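A short worksheet on the structure shown next.
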Amino acid sequence: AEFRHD
Amino acid sequence: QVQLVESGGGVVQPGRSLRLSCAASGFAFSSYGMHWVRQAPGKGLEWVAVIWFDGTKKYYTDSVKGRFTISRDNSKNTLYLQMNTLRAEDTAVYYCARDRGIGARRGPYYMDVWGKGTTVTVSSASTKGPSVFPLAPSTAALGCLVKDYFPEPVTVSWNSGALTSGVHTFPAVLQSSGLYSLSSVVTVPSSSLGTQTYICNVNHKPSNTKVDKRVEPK
Amino acid sequence: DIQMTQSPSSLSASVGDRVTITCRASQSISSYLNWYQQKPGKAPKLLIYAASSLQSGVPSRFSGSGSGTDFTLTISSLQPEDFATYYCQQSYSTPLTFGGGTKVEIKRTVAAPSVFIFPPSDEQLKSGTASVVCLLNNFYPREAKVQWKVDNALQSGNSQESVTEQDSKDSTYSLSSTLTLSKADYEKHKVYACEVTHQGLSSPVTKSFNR
C-alpha cells in the first residue's frame, strides 16, 4: 500500500 | 544553523548489517518527515525511504523492502536506517533529508535540507595496499598505474607535490576482482626526459601504504 | 511506480546563455515536481518545489514550469557557478523517484585528443597480469570512442575507462582506457593497437606497439 497525494 | 549529520557508514561484507544514524539540530525534528536518499558511485540519486514526522507511516523503495528499516527517536533528534542483508548494489553515499510535507496527511513535498552524506561500501574484499607500476614514455607523456587496492581512497602527487601542472589523476575503477585501480598521468616536453627524474607518490591510508615510484623512459 | 525521464542527459553551454531542461513523468503527478542541483562531491541543493515555487534564497534566474506530466527548468542567463548536474524528483506518490540527471558543462571549441599507449611494465609482468593503458588527453567534446585490437582481434569487455571532469583552465577532458590480459595471453601476441575516433580527429587515429 503506497502513499498517494489526494 | 539547521543541520543534518550522517554517520555509521563504512566497509561491510555482503549479507551483513549496518546501522546509519543522522543527527538533526537547529530545528523542530519531531515536526518534519525524514528521507534517506542514496547515490551509487558515479550514478544518479535514488530514493530509499521516508518516515512520517510522528514515526507512524514508513515507505520504502522496492529493492530494500524487508531488508531496510527506517526509524526515528524524536527525543534524541536522530534518524536511523537499519540496513540488513546487504548486497553489493547497496554501495552508495547515503544522505538524510528533511521534508516539511504538504496536504492534510503531511506527505512528502520537498527536501530543503540535506546532510553531507555517509559512504557505505559493500564488499567481501579485504584491506590491501596497491601495487604501483610505471607508465613509461617515449609533448611527452608518462604516469603511474595504481592497481589492486582496497578500499578507496588513494592519493597521488608528483615529485612530492612539486609537479602539479599537466597532471591528470583519473577516477578509480572497480575491477571484477573487487579491487580498485587508477592511473595518474603527467605530460611534459620531450627534452626533459634526459635529465629530469619523475616520481609519483602513492599514499593509501587504509593499508598504511606509502610508495614512491620513479618513472623512467625504457 | 512513476518513471522520471530527463532530457537531455548532457548539454554544453557558455556563461550568459539561456538553458532549459525537461523532466517527463510516466503519469500525472499534478505539480508535485522538484528540481535539485548537485556539484561533484557535494550534497544536492533544492532549487524549485511545486513545479514553479522557488526555494527561499535561490537566485531569481532559476524558474520552473509545467503540470501533469511535462515540466521545464529554466536558467535565464547562465553563471559560472551553475555548471552542475540537475535532477528532477516527483513527490506525488511513493516510491518517490528522481530523474536520470542533466549535466550542464562548459562549451568550448572542438579539440582533438593526443593519444599515447603504454605497454605493460616488466615489473607487472612478473606478477602474472598485464595492463595496457591508452591515454586520450585534453580533447573536446566529451564524446569519444576507444577501440582495442590485438593482432587485429577486436577486444570487447576486457577494458575499462575513466574520464576527468572539465579542467579549471581550458575546459577539456582526458580519458584513460585500460586493457587487461593474462600474462600468457599477452606473450602470445605481437601487435597491440589503440584506435581512437573523435570529432576533432579527421580520421581514426591508431597508436600501437609490438611486444
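Convention: chains lettered A, B, ... in C-alpha cells order; per-chain residue numbering from 1; ligands numbered from 1 as shown.
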
query = Quick one: which residues from chain B are at most 7 Å off chain C, using only C-alpha atoms, as a list in words?
reply =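 Matching residues, ligands excluded from the count: residues 44, 45, 46, 47, 60, 61, 108, 109, 110, 111, 112, 114, 115, 116, 133, 134, 135, 136, 170 and 171 of chain B.
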
Export of prior selection with C-alpha atoms as a CSV table (one decimal), in the first residue's frame:
```
chain,number,residue,atom,x,y,z
B,44,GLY,CA,22.2,9.4,-10.0
B,45,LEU,CA,20.1,10.0,-7.0
B,46,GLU,CA,17.9,7.1,-5.7
B,47,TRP,CA,15.2,7.5,-3.1
B,60,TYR,CA,10.5,2.1,1.2
B,61,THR,CA,11.8,1.7,-2.3
B,108,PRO,CA,6.3,14.3,1.2
B,109,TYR,CA,6.6,17.7,-0.6
B,110,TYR,CA,10.3,18.6,-1.0
B,111,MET,CA,13.7,18.1,0.6
B,112,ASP,CA,15.2,21.5,1.5
B,114,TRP,CA,20.4,17.6,3.4
B,115,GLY,CA,23.3,16.1,5.3
B,116,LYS,CA,26.8,15.8,3.8
B,133,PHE,CA,53.6,0.3,-11.9
B,134,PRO,CA,55.3,2.8,-14.3
B,135,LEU,CA,53.7,4.1,-17.5
B,136,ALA,CA,56.9,4.6,-19.4
B,170,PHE,CA,41.7,9.6,-13.0
B,171,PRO,CA,38.7,8.4,-11.0
```

Distance-based interface of chain B with chain A, 10 Å, counting only C-alpha atoms, as a PyMOL selection string = chain B and resi 57-60+102-109

Would you export the selected residues with C-alpha atoms as a PDB file, in the first residue's frame, please?
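So again-v2.pdb came out as:
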```
ATOM      1  CA  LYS B  57       3.986   5.717   8.482  1.00  0.00           C
ATOM      2  CA  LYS B  58       7.028   4.345   6.665  1.00  0.00           C
ATOM      3  CA  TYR B  59       7.584   3.674   2.977  1.00  0.00           C
ATOM      4  CA  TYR B  60      10.482   2.054   1.166  1.00  0.00           C
ATOM      5  CA  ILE B 102       2.062  19.175   2.302  1.00  0.00           C
ATOM      6  CA  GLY B 103      -1.607  18.302   2.483  1.00  0.00           C
ATOM      7  CA  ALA B 104      -3.768  17.080   5.274  1.00  0.00           C
ATOM      8  CA  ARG B 105      -1.698  13.982   5.977  1.00  0.00           C
ATOM      9  CA  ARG B 106       1.666  15.783   5.685  1.00  0.00           C
ATOM     10  CA  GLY B 107       3.006  13.507   2.981  1.00  0.00           C
ATOM     11  CA  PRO B 108       6.254  14.317   1.170  1.00  0.00           C
ATOM     12  CA  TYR B 109       6.608  17.675  -0.567  1.00  0.00           C
TER      13      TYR B 109
END
```

key: DSSP-assigned strand (DSSP E or B) members of segment 45-107 of chain B, reported as a PyMOL selection string   = chain B and resi 45-51+58-60+68-73+78-83+92-99+102+107

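Proximity to chain A was assessed for C:19, C:78, C:205, C:29 counting only C-alpha atoms; the smallest distance is recorded for C:29.
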
query = Nearest to residue 131 of chain B: which of B:211, B:164, B:190, B:200 is it, counting only C-alpha atoms?
reply =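 Closest candidate: B:211.
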
query = Residues at most 12 Å from residue 75 of chain B, counting only C-alpha atoms, excluding those fewer than 4 positions away in the same chain, as a PyMOL selection string?
reply = chain B and resi 23-25+28-31+54-55+79

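Considering only C-alpha atoms, the residue among C:3, C:30, C:79, C:152 positioned nearest to residue 15 of chain C is C:79.
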
message = If we count only C-alpha atoms and set the cut-off at 12 Å, which residues sit around residue 71 of chain B, ignoring sequence neighbours fewer than 4 positions away in its own chain? Please answer as a ChimeraX atom specification.
response = /B:19-22,33-36,49-60,76-83

Please, could you write that set of residues out with N, CA, C and O atoms as an mmCIF file, in the first residue's frame?
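part_39.cif written:
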```
data_model
loop_
_atom_site.group_PDB
_atom_site.id
_atom_site.type_symbol
_atom_site.label_atom_id
_atom_site.label_comp_id
_atom_site.auth_asym_id
_atom_site.auth_seq_id
_atom_site.Cartn_x
_atom_site.Cartn_y
_atom_site.Cartn_z
ATOM 1 N N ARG B 19 24.006 -0.029 10.588
ATOM 2 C CA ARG B 19 23.034 0.962 11.036
ATOM 3 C C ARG B 19 23.578 2.358 10.757
ATOM 4 O O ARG B 19 24.620 2.743 11.294
ATOM 5 N N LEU B 20 22.878 3.104 9.916
ATOM 6 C CA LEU B 20 23.192 4.505 9.685
ATOM 7 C C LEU B 20 22.414 5.369 10.661
ATOM 8 O O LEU B 20 21.245 5.098 10.950
ATOM 9 N N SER B 21 23.072 6.407 11.167
ATOM 10 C CA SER B 21 22.457 7.420 12.013
ATOM 11 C C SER B 21 22.494 8.781 11.319
ATOM 12 O O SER B 21 23.318 9.032 10.435
ATOM 13 N N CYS B 22 21.581 9.663 11.728
ATOM 14 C CA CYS B 22 21.512 11.029 11.207
ATOM 15 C C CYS B 22 21.074 11.930 12.355
ATOM 16 O O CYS B 22 19.928 11.851 12.808
ATOM 17 N N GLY B 33 9.002 15.205 8.378
ATOM 18 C CA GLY B 33 9.311 13.902 7.831
ATOM 19 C C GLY B 33 10.752 13.843 7.358
ATOM 20 O O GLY B 33 11.351 14.852 6.990
ATOM 21 N N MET B 34 11.326 12.639 7.389
ATOM 22 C CA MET B 34 12.725 12.443 7.032
ATOM 23 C C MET B 34 12.858 11.382 5.949
ATOM 24 O O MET B 34 12.116 10.395 5.930
ATOM 25 N N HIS B 35 13.843 11.565 5.087
ATOM 26 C CA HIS B 35 14.109 10.675 3.987
ATOM 27 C C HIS B 35 15.545 10.221 3.990
ATOM 28 O O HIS B 35 16.405 10.871 4.535
ATOM 29 N N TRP B 36 15.788 9.084 3.366
ATOM 30 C CA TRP B 36 17.124 8.590 3.165
ATOM 31 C C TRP B 36 17.220 8.512 1.652
ATOM 32 O O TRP B 36 16.366 7.948 1.016
ATOM 33 N N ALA B 49 13.809 5.669 1.394
ATOM 34 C CA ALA B 49 12.777 5.513 2.415
ATOM 35 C C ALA B 49 12.385 6.878 2.968
ATOM 36 O O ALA B 49 13.170 7.829 2.936
ATOM 37 N N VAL B 50 11.157 6.950 3.485
ATOM 38 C CA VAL B 50 10.654 8.112 4.209
ATOM 39 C C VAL B 50 9.984 7.624 5.487
ATOM 40 O O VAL B 50 9.398 6.539 5.527
ATOM 41 N N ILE B 51 10.078 8.431 6.541
ATOM 42 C CA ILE B 51 9.318 8.201 7.762
ATOM 43 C C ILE B 51 8.574 9.482 8.120
ATOM 44 O O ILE B 51 9.116 10.588 8.000
ATOM 45 N N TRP B 52 7.323 9.329 8.548
ATOM 46 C CA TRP B 52 6.488 10.462 8.906
ATOM 47 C C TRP B 52 7.040 11.170 10.137
ATOM 48 O O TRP B 52 7.805 10.600 10.926
ATOM 49 N N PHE B 53 6.620 12.436 10.298
ATOM 50 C CA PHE B 53 7.075 13.251 11.422
ATOM 51 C C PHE B 53 6.819 12.556 12.755
ATOM 52 O O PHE B 53 7.643 12.635 13.676
ATOM 53 N N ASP B 54 5.684 11.870 12.876
ATOM 54 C CA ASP B 54 5.311 11.183 14.102
ATOM 55 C C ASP B 54 5.705 9.710 14.098
ATOM 56 O O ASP B 54 5.262 8.962 14.972
ATOM 57 N N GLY B 55 6.525 9.280 13.139
ATOM 58 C CA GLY B 55 7.011 7.910 13.106
ATOM 59 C C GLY B 55 5.967 6.853 12.837
ATOM 60 O O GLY B 55 6.232 5.672 13.057
ATOM 61 N N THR B 56 4.787 7.237 12.350
ATOM 62 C CA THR B 56 3.670 6.307 12.237
ATOM 63 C C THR B 56 3.561 5.648 10.870
ATOM 64 O O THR B 56 3.027 4.538 10.774
ATOM 65 N N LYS B 57 4.018 6.300 9.812
ATOM 66 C CA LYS B 57 3.986 5.717 8.482
ATOM 67 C C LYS B 57 5.404 5.662 7.940
ATOM 68 O O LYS B 57 6.196 6.586 8.152
ATOM 69 N N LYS B 58 5.722 4.564 7.262
ATOM 70 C CA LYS B 58 7.028 4.345 6.665
ATOM 71 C C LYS B 58 6.823 3.761 5.279
ATOM 72 O O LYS B 58 5.966 2.897 5.086
ATOM 73 N N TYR B 59 7.612 4.227 4.321
ATOM 74 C CA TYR B 59 7.584 3.674 2.977
ATOM 75 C C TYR B 59 9.010 3.463 2.501
ATOM 76 O O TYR B 59 9.940 4.140 2.943
ATOM 77 N N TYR B 60 9.174 2.501 1.605
ATOM 78 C CA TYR B 60 10.482 2.054 1.166
ATOM 79 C C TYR B 60 10.474 1.853 -0.339
ATOM 80 O O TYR B 60 9.476 1.408 -0.911
ATOM 81 N N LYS B 76 15.777 12.092 20.832
ATOM 82 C CA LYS B 76 17.205 12.286 20.623
ATOM 83 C C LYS B 76 17.526 13.090 19.370
ATOM 84 O O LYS B 76 18.707 13.300 19.077
ATOM 85 N N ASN B 77 16.509 13.549 18.635
ATOM 86 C CA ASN B 77 16.699 14.254 17.366
ATOM 87 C C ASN B 77 17.545 13.436 16.398
ATOM 88 O O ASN B 77 18.469 13.949 15.762
ATOM 89 N N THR B 78 17.224 12.149 16.276
ATOM 90 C CA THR B 78 18.037 11.240 15.485
ATOM 91 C C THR B 78 17.161 10.427 14.546
ATOM 92 O O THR B 78 16.090 9.944 14.929
ATOM 93 N N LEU B 79 17.623 10.316 13.306
ATOM 94 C CA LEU B 79 17.049 9.442 12.297
ATOM 95 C C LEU B 79 17.948 8.219 12.126
ATOM 96 O O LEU B 79 19.176 8.339 12.127
ATOM 97 N N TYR B 80 17.356 7.053 11.942
ATOM 98 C CA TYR B 80 18.123 5.833 11.785
ATOM 99 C C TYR B 80 17.749 5.010 10.585
ATOM 100 O O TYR B 80 16.616 5.002 10.176
ATOM 101 N N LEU B 81 18.730 4.336 10.007
ATOM 102 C CA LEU B 81 18.460 3.404 8.936
ATOM 103 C C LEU B 81 19.128 2.068 9.276
ATOM 104 O O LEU B 81 20.335 1.975 9.342
ATOM 105 N N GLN B 82 18.336 1.021 9.443
ATOM 106 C CA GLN B 82 18.875 -0.285 9.778
ATOM 107 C C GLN B 82 18.952 -1.036 8.482
ATOM 108 O O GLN B 82 17.958 -1.333 7.883
ATOM 109 N N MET B 83 20.158 -1.358 8.071
ATOM 110 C CA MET B 83 20.391 -1.994 6.771
ATOM 111 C C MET B 83 20.811 -3.439 7.006
ATOM 112 O O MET B 83 21.953 -3.710 7.384
#
```

Spatial neighbours of residue 167 of chain B, max dist 12 Å, only C-alpha atoms, sep filter under 4 positions, as a short mmCIF file (atom, residue, chain, number, x, y, z; two decimals) with C-alpha atoms, in the first residue's frame:
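The resulting out.cif:
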```cif
data_model
loop_
_atom_site.label_atom_id
_atom_site.label_comp_id
_atom_site.auth_asym_id
_atom_site.auth_seq_id
_atom_site.Cartn_x
_atom_site.Cartn_y
_atom_site.Cartn_z
CA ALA B 141 53.50 11.55 -21.53
CA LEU B 142 54.21 9.32 -18.59
CA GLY B 143 52.48 8.24 -15.42
CA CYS B 144 51.75 5.67 -12.73
CA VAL B 156 48.68 10.57 -5.93
CA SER B 157 51.03 13.53 -6.28
CA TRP B 158 54.12 14.05 -8.43
CA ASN B 159 57.60 14.88 -7.19
CA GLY B 161 53.84 17.98 -4.78
CA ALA B 162 56.41 19.94 -6.73
CA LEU B 163 54.92 18.93 -10.03
CA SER B 183 46.10 5.80 -13.35
CA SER B 184 47.82 9.14 -12.84
CA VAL B 185 49.44 10.61 -15.95
CA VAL B 186 51.60 13.68 -16.45
CA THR B 187 52.54 15.35 -19.74
CA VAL B 188 55.93 17.00 -20.15
CA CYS B 200 54.83 9.61 -8.34
CA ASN C 137 44.48 13.68 -23.46
CA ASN C 138 42.78 17.09 -23.49
CA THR C 164 38.27 13.53 -15.68
CA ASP C 167 39.68 21.38 -16.47
CA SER C 174 41.11 13.35 -20.60
#
```

Between atom CA of residue 202 of chain C and atom CA of residue 144 of chain C - distance in Å to one decimal =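 That distance, rounded to one decimal, is 13.0 Å.
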